[PDB]
Amino acid sequence: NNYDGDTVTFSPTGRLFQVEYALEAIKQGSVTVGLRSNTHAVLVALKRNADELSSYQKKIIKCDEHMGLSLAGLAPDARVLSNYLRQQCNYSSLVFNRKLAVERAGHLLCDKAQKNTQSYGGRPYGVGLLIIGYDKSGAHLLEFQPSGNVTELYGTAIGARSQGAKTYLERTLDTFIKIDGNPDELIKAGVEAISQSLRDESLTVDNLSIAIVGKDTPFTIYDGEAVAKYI
Amino acid sequence: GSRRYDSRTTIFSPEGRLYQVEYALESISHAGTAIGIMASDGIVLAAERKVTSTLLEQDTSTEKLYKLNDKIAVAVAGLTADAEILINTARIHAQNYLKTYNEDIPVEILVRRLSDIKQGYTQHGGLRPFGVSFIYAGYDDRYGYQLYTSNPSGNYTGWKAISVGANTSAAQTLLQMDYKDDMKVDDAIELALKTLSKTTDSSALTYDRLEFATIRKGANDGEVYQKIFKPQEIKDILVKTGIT
Amino acid sequence: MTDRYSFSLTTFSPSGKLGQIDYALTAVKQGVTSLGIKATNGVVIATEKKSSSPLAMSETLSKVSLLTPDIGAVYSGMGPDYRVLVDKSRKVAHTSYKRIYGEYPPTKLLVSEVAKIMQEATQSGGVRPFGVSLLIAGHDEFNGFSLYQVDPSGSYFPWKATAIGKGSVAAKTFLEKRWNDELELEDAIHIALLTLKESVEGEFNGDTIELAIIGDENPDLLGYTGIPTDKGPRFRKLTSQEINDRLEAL
Amino acid sequence: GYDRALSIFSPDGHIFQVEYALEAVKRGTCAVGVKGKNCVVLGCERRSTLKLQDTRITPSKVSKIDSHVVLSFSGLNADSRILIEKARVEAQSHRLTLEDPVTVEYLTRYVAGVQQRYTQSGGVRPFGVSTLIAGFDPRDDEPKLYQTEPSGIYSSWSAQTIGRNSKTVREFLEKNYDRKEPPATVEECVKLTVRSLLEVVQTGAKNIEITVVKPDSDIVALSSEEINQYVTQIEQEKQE
Amino acid sequence: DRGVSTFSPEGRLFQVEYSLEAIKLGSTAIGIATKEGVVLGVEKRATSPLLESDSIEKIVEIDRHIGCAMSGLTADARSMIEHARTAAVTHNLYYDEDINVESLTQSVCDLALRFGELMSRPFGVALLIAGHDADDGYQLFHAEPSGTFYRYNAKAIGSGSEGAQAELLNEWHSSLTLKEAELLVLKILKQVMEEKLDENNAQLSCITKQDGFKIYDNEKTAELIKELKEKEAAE
Amino acid sequence: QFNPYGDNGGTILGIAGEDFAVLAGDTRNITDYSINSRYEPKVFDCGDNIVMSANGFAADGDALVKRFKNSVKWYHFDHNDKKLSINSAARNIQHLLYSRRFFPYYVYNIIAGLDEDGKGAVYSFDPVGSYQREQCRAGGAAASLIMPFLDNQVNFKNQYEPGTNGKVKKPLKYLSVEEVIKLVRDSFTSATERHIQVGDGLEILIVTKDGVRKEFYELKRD
Amino acid sequence: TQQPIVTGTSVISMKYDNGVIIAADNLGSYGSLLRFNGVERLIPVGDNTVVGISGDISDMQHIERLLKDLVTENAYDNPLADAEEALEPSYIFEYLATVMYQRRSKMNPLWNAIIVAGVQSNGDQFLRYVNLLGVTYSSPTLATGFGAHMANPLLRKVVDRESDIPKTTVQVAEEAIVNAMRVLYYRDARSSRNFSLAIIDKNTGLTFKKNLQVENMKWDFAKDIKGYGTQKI
Amino acid sequence: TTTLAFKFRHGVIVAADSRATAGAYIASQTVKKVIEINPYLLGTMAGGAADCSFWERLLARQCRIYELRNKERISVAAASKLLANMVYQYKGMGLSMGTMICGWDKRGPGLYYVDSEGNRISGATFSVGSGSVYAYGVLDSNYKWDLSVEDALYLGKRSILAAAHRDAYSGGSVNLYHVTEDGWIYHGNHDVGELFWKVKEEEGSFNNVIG
Ligand SMILES: *[B]([O])([O])[C]([C][C]([C])[C])[N]C(=O)[C]([C]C1=[C][C]=[C][C]=[C]1)[N]C(=O)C1=[C]N=[C][C]=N1
Ligand SMILES: [Mg+2]
């Protein structure tokens, strides 16, 4: 109200409204799902178009051979944060000959987002990210909020109508975690999860976007006729 | 943050005016009247000190008339402190020019430089403008005797006769009436003092309430002399012209 | 962090007034009375030592300050602002004059430098004007004795005699009747004490009054002998006893 | 440094500071530009509220940017000096680095770019100035006349006016100026420029300035008497 | 007042949304992509008849294989074009090849959100970036001041955009020829323009693999306008 | 005084075929008269069917390769996983080298792969970025020993057809990969005999449309 | 640019079937003066890596502090700091190699020659060299300074190529290293009798031996050597 | 290195050898010392291969953005000046360049000599490199304005041959270019070994050499 003009101002109840408004931009964004087993980690994203003549906005970005994310909200802010992850992954490789741990990648994103929430002049990031990766401690899935909060999860979903997919994963928890050494079945569970967030529209060939990473699987993105198999 | 307290000194009004420049001009309109008159054989600078005291040391005092170099002088109307900042900058510019080209700075070039500084404070920096209006009286070998004025907007114009400060409307009408092109310095001296005597807010015009100066070729042969009048000399010229 | 106040805090109002300068002048009006009188062979500056508590040692608080050996200063208004201005005034006298010309500045030029500092606080970003008016008395070879007033705007005026602060209007009237161009220094000190008594309520003695002069050279206060041209400081602060002696012949 | 964003969008998609800068131009004295078959004429209004002026030394309204290009303006006078100085510096910088003088189109594009830069830079306000830039390209006999404005947009004109009462003189030019047959001579071009200013000026005495620019760096400013002869002939034909 | 980079309660940047309103006031620009090339067309919209219309430059070359049309505060586009040209030529310097249309568009869009308290406000102009490369063929992009860019088969921006976009919805198909696209842009421009469409107040351009980016002459466009009138009168 | 440069010896050789390309180099690393390693790889698979070797000062060679591999990675990120062509890589490498014009990478670099028409390609670089496409090129310590042999046996220089006596040249018939590898092995075996910094081992990287293959051969260890 | 003041001589090392061995004497020389006799030049990093350093001792102490800080920093927000995400020999080496090359590129080097010896997560042996110029190389045997000239020839007789590593036991490898240290004491004028030895095995872990001495020396034949040619008495 | 260029009636001829040397060792014999800046502009290379290559390719990129901005091809004078000002920044730093900028613009055929010292000279005839001194003899003796394209191409070719023969650091092959108002035209690569014997026989020159 009077305390939402900038990010440097707490409200009387201890809330940061500019951060909450940035969080709102994520809810307007298209749905994206993340889930993992012990061997693989999968991202599934519903891409959004402007109209029938337009293309479908890309949702998934590769950060390294063993790591990448899906976005929901302001796409340019995802480009900035993903560029930062690319650099950090790359600094780890060039200096330490070491693949960046997914947990440490989350800690870096948290700290970068935080600086924008405590200083005058700047603004919070207006995007939510789901980071997947396979490192020395196996498969991982992270959820990033521009408040700075990063959370490691078995599965999750962000964007519009994401509560439906999140409930499904909460039921299926015991099943999909056990899908080891079977990439196609893990993707099926992800495609079935994101389907719980659909209304009116359905999953078409240029609508669906899938990504996977695992034990002997580099981070690869599937679009177009490559995902027709899963429709 | 800090934005909350920013007055925004360099913005347009909806009518396309600069707020701070207009308000600075309002300040200057309450300052003591300064008059400049240009003649064929010299220039006169006359100015009124503001409500003085008997205990003010006049002979060592200077609030209106300042020397920029040997050829150029200025009359001030507005904040004296603001004027001294600019005056020192102008003195430095005149010396820079002299060092570079080994010639005394042409009057207009000095005027343009000061006016450009004033302009900068109206377009960038977020600072208040200088609440000062100058009358420049000077001589060079290109245009001869010249009168200019500048104001907080950084705009400057040339004049045959001009007034700044208080009662300029009344003063300019009186100058426009009695001024002629073939006029001489002694006549211009009389015109300046008569104009002040009629426009002044004081009861009577006396020596202790005035600053006076002339720029004359009345120096031995082809050269120019600046004369900042002393209190006793202002008293004598007031008697000569028949005001006291 | 960073100082993000890069804009002026003093600006022209629609009427042409610079508000913060006027308000600074109001703070000066609330301040304790101080005055200055110029004689033929000297200058005197004086003020009341308004002690905040009787437990406080008022000798440690100096309202009258030496700027150079031949220049002194007194104020009315906010004390802390005065103290920092004195520090800057002392320094600028060296950096912008003594280190260049090998001699101390004349009164008018030191005043000009102090005035400049006060003007800049009236236009620069993220600062308020100084809440003081200064009275600066001094002597130099070519200009003789002089007395200057400096206001929050940075404007300065030379005076034969004047007063600033609480009871300045009454004090200036008192000085107009008593001042003439033939006054000796002792006569000026006498008039200064008479003028100052009118604005003081409580105790009026050498311990509650601070008074200094610019007068003859003091070779006893120089601290060394052997150089004929160095004859000592013209600034001298009168002692508590010296003030009381002149209060008996009052 | 002072970084404040002064020029910003409003809910209806307007940048008010840029639009208020146009109001400053509307207040400024009238300026007009007309290009003939082999010349361009720049006319300028001088407000007669200011007499006792020294016309020798007073800043002239038309400024030479180079020997072959001129610039006139309407709006804040102090602002115009900054644009003119920058334009003059750029003109010499172009000759220095490329060994050719600037084209009129290039010089206009530079000045217009400066104006634009001041509409999305922190801590600065837009220039309250619109300019008319005229001249002839090196080794070319085609007349050039361009206009700029505070927003930074620029364009070429067969004939154009800016400043106060520019709406009226533009109305006059739109019906009087023929594109198929422009003013064939200097006389016809100057006459049409003076005629257009006489719709707005008041008295045809010292209120009208005229500057003729011809090919190959041939630039001259007309005197009071020369202009007064045009003012005389126009009104004598009008009495009919 | 309020921050320049402030979010609204709905989760949108105020300034970005306000710049989009400025773009709606701009003159119409239309782009159509085909397998034979991409066509770009604009409304010139001269404010007066004395304004020499050929000086109105709302269609612009970025490289031989990339063109660009603009709509909105056109003065803001100059630094964007300058950056685009520099980016295209610099990539040719570093990699001895033509730069991908998408990569060029991405480079332009990186400037968009570089505003705060960098430039003081977002750009008040939208761009239609059309081009060709060997990997993805003929392409048309819409670059906004939000930093977002969508690829389009056909797109209209400016004042008559939603009316033109609905018309492009019905008319576009994947087998359009270049000649058919040219007439289609002229048709839709004529429909949304205030003044009557002719060769002087409207401009066409295209990008083909063979000839590269070309702005059409007024004589060439005049014939396409005459060809349009006759085919509409044919039924 | 500190000398920031050194010499790690080594010799490399790039030969371009009609539909293949090879980049060979010895595996010996040295300082002065000492051996550091008998097997220290010097030719690298950099991705996108490009092989690279930066010969001379090992620390500068390792840094350049590392930076080019990095440049390939970011070329994929920035341009939609587009394949970096050999001619584009070559131009990129010039700018890596000239970025240190006033403190050079003290290396002689060679890259090899296939051009956009599928034909074999070799590019050669000087330490400050001047590059050019070549058919045959040796670099490093024993380059002057090997190149004259390749002029004769690859380009058939100073060879004419018998009976004509200098009137008709030997025709430039293309070479197979098996014929090329023979010339590579004989080049290095000969260089090993007369150059002290050449020996221990020989590693060859062959590039075709199918990918990058390796072959290793022992050399004399004295 | 500087000059080394207090210096450490040869560091020697080799691979064997299940791990690596590294050794270095305990001397800090000051030119020809054998000034400091209790200097440890082998510095363990965790339980899987030993960094052996020769050259300038002040720069060694600096590197020692960088490594100590590296361990601290790796443990920050790392629940697997003593397991999967522990520091590897390859990580530690690449970090030092990065630092060394950067320092030489600013014309202000760390005047050292370094050998990083260790065993990786998968049980693979790690042994790599780096110096003040940023030059790096790997070999079955590695040695710095005088060791390169005298020790390598002896150690290469045990492991001449990669295929000899599985055939070499820890007893044979240690015997070769200890013999090499004796030879260096005979022939290096800036060496000491006292030295440290470290073994990093993939089964038995890190064994750090201090206060070792060169023993079984041959000097008796010296009594029979008289004069420099013709002298008989 | 031997490079030359000269203006004449029908444009400008540009010729250069192809040898690169590293001490006494011949590093390469297939060097392109003529640079294609744009289809109407050429640049020669002499001295530092890296320096000449980098700065002239950076020039071509400068000249290209000029065309986009101004809708006009850059002049030879402006192009040569951009290079000269670029290299002047690094004067004394150790750059080694000897170049000619050749083209046809509004003023007709243009030819400027530009080096790392700071010289920028317009002229009808230039030759730069270690073998330039040999080439000038053949040029100055046979150069006319009224030269046919066929004869002009031969003159530039014969002049390189003269230098390639005598100068140890010049040789390999001859690259020829002809610049017209419709753009530059490449006239092939000519092996000096084969070219020498041919010229010896047909012309009668080089009698001192046995063949
Ligand atoms: B030419 O002789 O100037 C020639 C031109 C260059 C563009 C190939 N230069 C060189 O051959 C120089 C050495 C040199 C010889 C004579 C005069 C000046 C310079 N050599 C190189 O540029 C070079 C480049 N890469 C490898 C080896 N040599
Ligand atoms: Mg050998």
# chains A, B, ... in the order shown; residues from 1 in each chain; ligands from 1
$ residues_near_ligand --ligand "ligand 1" --cutoff "7 Å" --atoms "only C-alpha atoms and all ligand atoms" --output "PyMOL selection string"
(chain F and resi 126+130) or (chain H and resi 1-2+19-22+27+31+33+45-50+52+129-130+169-170)
$ residues_near_ligand --ligand "ligand 2" --cutoff "7 Å" --atoms "only C-alpha atoms and all ligand atoms" --output "JSON, numbers by chain"
{"F": [192, 193, 194, 195, 196, 197, 198, 199, 220, 221, 222]}
$ atom_distance --atom1 "CA of residue 102 in chain F" --atom2 "CA of residue 83 in chain H"
18.9 Å
$ residues_around --residues "residue 106 in chain D" --least-positions-apart "5" --cutoff "10 Å" --atoms "only C-alpha atoms" --output "JSON, numbers by chain"
{"D": [91, 94, 101, 111, 112, 137], "H": [69, 70]}
$ select_by_dssp --residues "range 7-233 of chain G" --states "helix (DSSP H, G or I)" --output "VMD selection string"
chain G and resid 57 to 75 89 to 105 146 to 155 162 to 164 170 to 187 220 to 224
$ closest_residue --among "A:151, A:26, A:230, A:121" --to "chain D" --atoms "only C-alpha atoms"
A:121
$ select_by_dssp --residues "range 98-206 of chain E" --states "strand (DSSP E)" --output "MDAnalysis selection string"
chainID E and resid 125:133 137:143 149:151 154:157 202:206
$ write_last_selection --atoms "N, CA and C atoms" --output "compact mmCIF listing (two decimals), in the first residue's frame"
# COMPACT_ATOMS: atom_id res chain seq x y z
N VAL E 125 9.60 1.78 -28.54
CA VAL E 125 9.45 1.35 -29.93
C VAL E 125 9.50 -0.18 -30.02
N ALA E 126 8.67 -0.74 -30.89
CA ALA E 126 8.70 -2.17 -31.20
C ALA E 126 9.34 -2.37 -32.56
N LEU E 127 10.02 -3.49 -32.74
CA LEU E 127 10.71 -3.80 -33.99
C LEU E 127 10.24 -5.12 -34.59
N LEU E 128 10.04 -5.12 -35.90
CA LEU E 128 9.87 -6.35 -36.66
C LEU E 128 11.19 -6.64 -37.36
N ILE E 129 11.87 -7.68 -36.91
CA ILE E 129 13.17 -8.07 -37.47
C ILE E 129 12.98 -9.27 -38.39
N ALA E 130 13.23 -9.06 -39.68
CA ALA E 130 13.08 -10.10 -40.70
C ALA E 130 14.42 -10.43 -41.33
N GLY E 131 14.64 -11.71 -41.63
CA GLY E 131 15.89 -12.13 -42.26
C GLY E 131 15.92 -13.56 -42.74
N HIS E 132 17.10 -13.99 -43.18
CA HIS E 132 17.33 -15.36 -43.63
C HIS E 132 18.70 -15.87 -43.21
N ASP E 133 18.76 -17.11 -42.75
CA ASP E 133 20.03 -17.82 -42.56
C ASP E 133 19.91 -19.27 -43.02
N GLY E 137 16.29 -20.82 -42.12
CA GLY E 137 15.64 -20.24 -43.30
C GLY E 137 15.05 -18.86 -43.06
N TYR E 138 13.96 -18.55 -43.76
CA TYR E 138 13.31 -17.24 -43.67
C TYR E 138 12.57 -17.09 -42.34
N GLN E 139 12.86 -16.01 -41.63
CA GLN E 139 12.34 -15.80 -40.27
C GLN E 139 11.83 -14.38 -40.06
N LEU E 140 10.84 -14.25 -39.18
CA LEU E 140 10.30 -12.95 -38.79
C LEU E 140 10.13 -12.92 -37.27
N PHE E 141 10.72 -11.92 -36.63
CA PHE E 141 10.67 -11.78 -35.18
C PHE E 141 10.04 -10.45 -34.76
N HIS E 142 9.39 -10.46 -33.60
CA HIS E 142 8.81 -9.26 -33.01
C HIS E 142 9.53 -8.96 -31.70
N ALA E 143 10.35 -7.91 -31.69
CA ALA E 143 11.14 -7.55 -30.52
C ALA E 143 10.47 -6.43 -29.72
N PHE E 149 10.99 -11.71 -27.23
CA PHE E 149 10.82 -11.77 -28.67
C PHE E 149 10.14 -13.07 -29.09
N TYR E 150 9.11 -12.94 -29.91
CA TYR E 150 8.40 -14.08 -30.47
C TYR E 150 8.70 -14.17 -31.96
N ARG E 151 8.86 -15.39 -32.47
CA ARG E 151 8.92 -15.61 -33.91
C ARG E 151 7.49 -15.65 -34.44
N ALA E 154 3.44 -14.32 -39.52
CA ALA E 154 3.01 -12.98 -39.93
C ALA E 154 2.66 -12.16 -38.70
N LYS E 155 2.94 -10.86 -38.74
CA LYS E 155 2.75 -10.00 -37.58
C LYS E 155 2.52 -8.54 -37.98
N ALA E 156 1.64 -7.88 -37.23
CA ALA E 156 1.39 -6.45 -37.38
C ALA E 156 1.58 -5.74 -36.04
N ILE E 157 2.27 -4.60 -36.07
CA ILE E 157 2.46 -3.76 -34.89
C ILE E 157 2.05 -2.33 -35.20
N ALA E 202 3.24 5.00 -48.13
CA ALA E 202 3.47 3.62 -47.71
C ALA E 202 4.72 3.08 -48.40
N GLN E 203 5.43 2.18 -47.73
CA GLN E 203 6.69 1.65 -48.24
C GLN E 203 6.77 0.14 -48.06
N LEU E 204 7.24 -0.55 -49.10
CA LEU E 204 7.44 -2.00 -49.06
C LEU E 204 8.92 -2.35 -49.07
N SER E 205 9.22 -3.55 -48.60
CA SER E 205 10.57 -4.10 -48.63
C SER E 205 10.50 -5.61 -48.48
N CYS E 206 11.58 -6.28 -48.84
CA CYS E 206 11.66 -7.73 -48.69
C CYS E 206 13.09 -8.20 -48.43
$ atom_distance --atom1 "CA of residue 159 in chain G" --atom2 "CA of residue 176 in chain G"
10.3 Å
$ residues_around --residues "range 84-96 of chain G" --least-positions-apart "5" --cutoff "6 Å" --atoms "only C-alpha atoms" --output "MDAnalysis selection string"
(chainID A and resid 95:97) or (chainID G and resid 49 118)
$ decode --residues "range 131-144 of chain D" --atoms "N, CA, C and O atoms" --output "PDB file, in the first residue's frame"
ATOM      1  N   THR D 131      15.103  22.462 -34.146  1.00  0.00           N
ATOM      2  CA  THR D 131      16.032  23.111 -35.068  1.00  0.00           C
ATOM      3  C   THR D 131      15.608  22.949 -36.521  1.00  0.00           C
ATOM      4  O   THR D 131      14.927  21.990 -36.878  1.00  0.00           O
ATOM      5  N   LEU D 132      16.013  23.914 -37.342  1.00  0.00           N
ATOM      6  CA  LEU D 132      15.960  23.790 -38.791  1.00  0.00           C
ATOM      7  C   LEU D 132      17.395  23.810 -39.294  1.00  0.00           C
ATOM      8  O   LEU D 132      18.116  24.781 -39.073  1.00  0.00           O
ATOM      9  N   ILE D 133      17.808  22.729 -39.949  1.00  0.00           N
ATOM     10  CA  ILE D 133      19.167  22.604 -40.465  1.00  0.00           C
ATOM     11  C   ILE D 133      19.114  22.617 -41.986  1.00  0.00           C
ATOM     12  O   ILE D 133      18.410  21.811 -42.598  1.00  0.00           O
ATOM     13  N   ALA D 134      19.860  23.539 -42.591  1.00  0.00           N
ATOM     14  CA  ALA D 134      19.827  23.739 -44.037  1.00  0.00           C
ATOM     15  C   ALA D 134      21.225  23.919 -44.615  1.00  0.00           C
ATOM     16  O   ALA D 134      22.147  24.347 -43.919  1.00  0.00           O
ATOM     17  N   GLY D 135      21.366  23.594 -45.897  1.00  0.00           N
ATOM     18  CA  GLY D 135      22.638  23.740 -46.601  1.00  0.00           C
ATOM     19  C   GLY D 135      22.720  22.903 -47.866  1.00  0.00           C
ATOM     20  O   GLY D 135      21.711  22.391 -48.353  1.00  0.00           O
ATOM     21  N   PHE D 136      23.934  22.774 -48.392  1.00  0.00           N
ATOM     22  CA  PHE D 136      24.200  21.969 -49.580  1.00  0.00           C
ATOM     23  C   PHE D 136      25.347  21.008 -49.308  1.00  0.00           C
ATOM     24  O   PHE D 136      26.374  21.407 -48.763  1.00  0.00           O
ATOM     25  N   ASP D 137      25.175  19.746 -49.695  1.00  0.00           N
ATOM     26  CA  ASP D 137      26.240  18.751 -49.563  1.00  0.00           C
ATOM     27  C   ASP D 137      27.454  19.153 -50.406  1.00  0.00           C
ATOM     28  O   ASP D 137      27.304  19.861 -51.404  1.00  0.00           O
ATOM     29  N   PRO D 138      28.662  18.711 -50.004  1.00  0.00           N
ATOM     30  CA  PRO D 138      29.856  19.002 -50.801  1.00  0.00           C
ATOM     31  C   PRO D 138      29.739  18.492 -52.239  1.00  0.00           C
ATOM     32  O   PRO D 138      29.381  17.332 -52.453  1.00  0.00           O
ATOM     33  N   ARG D 139      30.025  19.369 -53.201  1.00  0.00           N
ATOM     34  CA  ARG D 139      29.953  19.048 -54.633  1.00  0.00           C
ATOM     35  C   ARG D 139      28.550  18.608 -55.068  1.00  0.00           C
ATOM     36  O   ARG D 139      28.401  17.693 -55.882  1.00  0.00           O
ATOM     37  N   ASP D 140      27.531  19.267 -54.521  1.00  0.00           N
ATOM     38  CA  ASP D 140      26.139  18.982 -54.868  1.00  0.00           C
ATOM     39  C   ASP D 140      25.345  20.285 -54.946  1.00  0.00           C
ATOM     40  O   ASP D 140      25.593  21.219 -54.180  1.00  0.00           O
ATOM     41  N   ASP D 141      24.395  20.337 -55.877  1.00  0.00           N
ATOM     42  CA  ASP D 141      23.575  21.534 -56.101  1.00  0.00           C
ATOM     43  C   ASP D 141      22.099  21.315 -55.738  1.00  0.00           C
ATOM     44  O   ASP D 141      21.242  22.131 -56.083  1.00  0.00           O
ATOM     45  N   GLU D 142      21.812  20.221 -55.036  1.00  0.00           N
ATOM     46  CA  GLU D 142      20.465  19.941 -54.544  1.00  0.00           C
ATOM     47  C   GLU D 142      20.299  20.566 -53.156  1.00  0.00           C
ATOM     48  O   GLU D 142      21.075  20.258 -52.250  1.00  0.00           O
ATOM     49  N   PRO D 143      19.296  21.449 -52.982  1.00  0.00           N
ATOM     50  CA  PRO D 143      19.068  22.058 -51.667  1.00  0.00           C
ATOM     51  C   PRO D 143      18.589  21.057 -50.612  1.00  0.00           C
ATOM     52  O   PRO D 143      17.831  20.139 -50.927  1.00  0.00           O
ATOM     53  N   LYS D 144      19.042  21.247 -49.375  1.00  0.00           N
ATOM     54  CA  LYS D 144      18.696  20.367 -48.261  1.00  0.00           C
ATOM     55  C   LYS D 144      18.093  21.181 -47.121  1.00  0.00           C
ATOM     56  O   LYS D 144      18.629  22.226 -46.752  1.00  0.00           O
TER      57      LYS D 144
END
